[PDB]
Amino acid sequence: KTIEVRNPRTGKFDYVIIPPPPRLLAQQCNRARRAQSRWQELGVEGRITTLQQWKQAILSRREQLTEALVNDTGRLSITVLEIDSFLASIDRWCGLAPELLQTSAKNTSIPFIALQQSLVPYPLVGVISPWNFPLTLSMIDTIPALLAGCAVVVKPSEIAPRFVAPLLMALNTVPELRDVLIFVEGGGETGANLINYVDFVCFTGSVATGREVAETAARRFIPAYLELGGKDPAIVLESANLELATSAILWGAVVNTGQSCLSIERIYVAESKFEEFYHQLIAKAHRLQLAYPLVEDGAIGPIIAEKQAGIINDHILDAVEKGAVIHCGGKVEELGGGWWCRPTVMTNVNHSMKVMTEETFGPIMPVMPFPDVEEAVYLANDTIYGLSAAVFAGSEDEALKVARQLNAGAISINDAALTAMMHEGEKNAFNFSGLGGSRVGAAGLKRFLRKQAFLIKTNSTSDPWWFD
């Protein structure tokens, strides 16, 4: 086949990707494996020098990466931020890696047994990345895996694949890296095939597809790191600073047009503040502009995937059919060939609605009151997801008391969606939001290494447990 690629601003097919037949894919993976030994033998310092050289080449060509990513996503401002975030992660991982990969030696509790430890990388890691943040999410696991000494095959989404071209141009300057960081183009089928060739699979995407990757990884007997989305709730208690809360939650709910695993998708507000809160939220939402007709015109980009426009449209109709009230926005519309939805605030909502239970991935703010904290905690936990949450209160201590009862990996306190902006904080997904541990620090780079122990007899008498 080939696959025609839609432009999310114009709606025209304007790019073509070529998915590898099984035989070519097998060959690219084997080439990366042959090259991985030398990559590993370079040592972590050589790998850092190499990644910095690649970083310098990417910077030189930054305008090409920016243009490709604008074409992929239909927006500029977040595009600049993706690029900045990617470049910073290169520097941050390069600064952590030497210490994280240090071998160690120690004596044990048995006087004549000493211990040495080493760390051995998985030779080939497969990354299957999503279309919503094409660059940062194709690279978030790739960079630490490469620094660990793995080769990595990256298969970005067929929906947003243009950004790879300038990354490949930049690799033409870096021969050592170019043989171990491999880009492959294709759809879901190419993703499934890739899992058959690799030693470790990282997948980011929908819960349905992720559960397939889990089952395939287990049948191949390889580890899998999965991040499968969220229905992150915000809880606003009575004592909350409402001016900060409405600004935080608006941002958290509509940044990237809500196309994020980390988007605030459900909002729960203490009954005695409900009206004031949602009225303020609307006022703030109304100020935001669509990036239309030009990319410069506003914060809010188009819905990138056609299929997602249909889901968002469906969630709204389902909500209204069930009685919801739309205060602003609320329409998935075509403009200039692209699909758009404005920041949308709805009330008279509940958990019988898709928009409060299934991932929406849109700029939707459904707001529900609650009579007491136990109900708020119950509603917030009433989900198959468990990625993140936000709790607002007059003090940090009373927000934390609630946050500790939520079944989610990262909880923002008197703020929302903080993990979209910062790297710190070790977290495990709850429920169906993921498996495989955390990305931060020791645990995040060491996912990609097997630990080996060497247990060394240092004396010359019989061990006391032998038969003699």
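Counting begins at 1, following the sequence as shown.
Participant: Which is higher on average in the deposited entry, the C-alpha temperature factors of 398-406 or of 49-57?
Facilitator: Taking the mean C-alpha B-factor of 398-406 and of 49-57, the larger value falls to 398-406.
Participant: Got a sec? Mean C-alpha B-factor, which is higher, 58-66 or 428-436?
Facilitator: It is 58-66.
Participant: For the listed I282, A253, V201, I182, which has the peak Cα B-factor recorded in the PDB entry?
Facilitator: Of the options given, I282 has the highest CA B-factor in the PDB entry.
Participant: Just to confirm, going by the entry's C-alpha B-factors, which of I326, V207, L194, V152 comes out highest?
Facilitator: Answer for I326, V207, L194, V152: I326, with the highest C-alpha B-factor.
Participant: Could you look up the Cα B-factor of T347 in the entry and say which third of the chain it sits in: lowest, middle or highest?
Facilitator: Top third by C-alpha B-factor.
Participant: In terms of the chain's CA B-factor thirds, is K446 lowest, middle or highest?
Facilitator: Middle third, going by the recorded CA B-factors of the chain.
Participant: Looking at the temperature factor on the CA atom of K106, which third of the chain's modelled residues does it land in?
Facilitator: According to the entry, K106 has a C-alpha B-factor in the chain's highest third.
Participant: Using only modelled residues of the chain, where does the Cα B factor of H423 rank: lowest third, middle third or highest third?
Facilitator: Top third by C-alpha B-factor.
Participant: Sort the modelled residues of this chain by their C-alpha B factor and say whether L455 lands in the lowest, middle or highest third.
Facilitator: For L455, whose C-alpha B-factor we compare with every modelled residue in the chain, the answer is the lowest third.
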